Amino acid sequence: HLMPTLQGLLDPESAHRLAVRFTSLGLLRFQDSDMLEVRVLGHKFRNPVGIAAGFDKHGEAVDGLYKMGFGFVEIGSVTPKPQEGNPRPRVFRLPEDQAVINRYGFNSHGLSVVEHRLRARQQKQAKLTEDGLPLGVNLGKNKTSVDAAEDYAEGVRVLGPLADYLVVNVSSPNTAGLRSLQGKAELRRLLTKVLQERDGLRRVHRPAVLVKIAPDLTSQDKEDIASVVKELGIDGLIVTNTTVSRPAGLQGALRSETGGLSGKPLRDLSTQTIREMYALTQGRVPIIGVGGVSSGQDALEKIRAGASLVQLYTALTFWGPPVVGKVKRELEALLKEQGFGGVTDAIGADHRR
Ligand SMILES: Cc1cc2nc3c(=O)[nH]c(=O)nc-3n(C[C@H](O)[C@H](O)[C@H](O)COP(=O)(O)O)c2cc1C
Ligand SMILES: CCc1cc(O)n2nc(SCc3cc(Cl)ccc3Cl)nc2n1
Ligand SMILES: O=C(O)c1cc(=O)[nH]c(=O)[nH]1
Ligand SMILES: [Cl-]
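Header annotation of the entry names X-ray crystallography as the structure determination method and lists the resolution as 1.55 Å.

Per the PDB entry, the protein chain goes by the name DIHYDROOROTATE DEHYDROGENASE (QUINONE), MITOCHONDRIAL and belongs to Homo sapiens. What the PDB record gives as the title of this entry is "Structure of Human Dihydroorotate Dehydrogenase with a Bound Inhibitor". Quoted straight from UniProt, the Function entry for the protein chain says "Catalyzes the conversion of dihydroorotate to orotate with quinone as electron acceptor. Required for UMP biosynthesis via de novo pathway." Looking at the protein chain in UniProt, the text filed under Subcellular location is "Mitochondrion inner membrane".

What follows is the structure, given as structure tokens:
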């Protein structure tokens, strides 16, 4: 009632801004079971449900997001220099599909602003991480950058020391040429540079490095990414970003808007990409599963397919804050029904049957 009112009155971008403000001010029951704890990426996670990148692009609402019940928070994407992103309108709801299309184009306050914001709460975060509530930082590249690898390297040096993990986002559909960085040769060069930069940070400031990939890759592209990840010792994968596909059956009036599609229509394309990447990496590379999670069943499907952790965003825009607790409670119930001792036991379970 209260959320749909404000959202019917506001365009989606305005609603997003209000949600970030409300969350940041802490204007918002479930106590996490031991069954939901996961140890991965060199950290304890109190529960495996995180907020996906894009909700808190500029690191303004981190503490409010933990208050909402997320086991981990990812901020970004952050670009080196501030930039405005694409012209409006750039976000569209597809209510009949429980989906969103966005073409933000990496609107970002930039590394310096975000650095200072995170520094203001750096020791608070250190305590939260120790308590099982880690922080990830997702890095992008500026529109007019002439050297993509140097943009990512700048991000590692500036925000790496404030993050438990960093994400090399090479899968936004809304920056020209970006997804080409997922190609074997480009990815290997880029990731070598990123990992060199990371390894140069002092030990207590040295994050894990993950790569976030698209749902629209060819089988060759996926095989290539798996090979590079193993070759270089990349710490994990985030699977997946939004899709440039438009699955048959979309009903929303705005289905043919340009941008990345998220929410329910992405769900099974993302799950199958998790499944493939888990197999190609022999289950040895942690995966954060994302795309269309709005229930415990959705979360458990991704975990059984190979995800160690999951994230959501689009479900929050339809169902609000209560969806977080709902996913967690449902996931715990399913784990019990299916005879798992906890989340850890379920990771990759479909591959072992
Ligand atoms: C409005 C919006 C903005 C997004 N911005 C980013 C971003 O800056 N960086 C990123 O890696 N992913 C971004 N994403 C992608 C999401 O993190 C997530 O991969 C995708 O939306 C699928 O999850 P969902 O179906 O639960 O929303 C964005 C998604 C939405 C809906
Ligand atoms: C895709 C841009 C967008 C749009 C939107 O209504 N929301 N809503 C959220 S969180 C849900 C929420 C909505 C409102 Cl209006 C106020 C508080 C909260 Cl938590 N994030 C959003 N992001
Ligand atoms: O800024 C955006 O347009 C954005 C980035 C990204 O990685 N994914 C997405 O769907 N939108
Ligand atoms: Cl520091």
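Resuming the write-up.
**Q** I'd like a rundown of the pairing of strand β10 (residues 236-239), residues and numbers included.
**A** Side chains of β10 alternate between two faces, with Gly236 and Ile238 and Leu237 and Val239 buried alike. Pairing of strand β9 (residues 208-213) with β10, which is carried by 4 bridges, proceeds in the parallel orientation. Counted as the bridge partner of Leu210 is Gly236 from β10. Taken together, β9, helix α8 (residues 219-232) and β10 constitute a β-α-β crossover, and its handedness is right-handed. With 3 bridges joining them, β10 and strand β12 (residues 287-290) adopt parallel strand pairing. Bridging from a neighbouring strand, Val239 pairs with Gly289 of β12.

**Q** Which residues make up the packing of α8 against helix α9 (residues 267-280), and what values go with them?
**A** With their axes 9 Å apart at the nearest point, α8 and α9 run at an angle of 45 degrees to one another. Here α8 lies oblique to α9, going by the angle between them. Considering how the two elements wind past one another, α8 and α9 form a crossing that is right-handed. For the pair formed by α8 and α9, the contact residues are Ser219, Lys222, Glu223, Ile225, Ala226 and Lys230 on the first element and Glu276, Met277 and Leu280 on the second. Its residues assigned to classes, the contact of α8 with α9 shows 4 nonpolar, 1 polar and 4 charged.

**Q** How would you explain the sheet that holds β10 if you had to name every residue and give the values?
**A** On the basis of which strands lie adjacent, the closed barrel formed by 8 strands has the order β3-β4-β7-β8-β9-β10-β12-β13 and parallel pairing. Averaged over all neighbouring strand pairs, the angle between strand axes comes to 25 degrees, with direction disregarded. Examined bridge by bridge, β12 and strand β13 (residues 309-312) share 3 bridges and lie parallel to one another. Residue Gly289 lies in a different strand from β13, and its bridge partner there is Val310. On the sheet, α9 packs against β9, β10 and β12 and is oriented at approximately 165 degrees with respect to β12.

Rules of the game
Residues numbered from 1 in each chain as written, not as in the entry; some residues may be left out. Chains lettered and ligands numbered in written order. Heavy atoms only, no water. UniProt positions renumbered as here; feature names shortened; annotations may be inferred. Buried < 20%, exposed > 50% of the residue type's maximum accessible area, 1.4 Å probe, protein only. Helix = DSSP H or I, 4+ residues; strand = E, 2+ residues; numbered from the N terminus. Pairing = 2+ DSSP bridges. Right-handed = clockwise from strand over helix to strand, strands pointing away. Axes fitted to C-alpha atoms, helices over the stretch in contact; angles between N-to-C directions. Parallel < 35°, antiparallel > 145°, perpendicular 65-115°, else oblique. Left-handed = near helix turned anticlockwise from the far one by under 90°. Contact = heavy atoms within 4.5 Å. Nonpolar A, V, L, I, M, F, W, Y, C, P; charged D, E, K, R; others polar.

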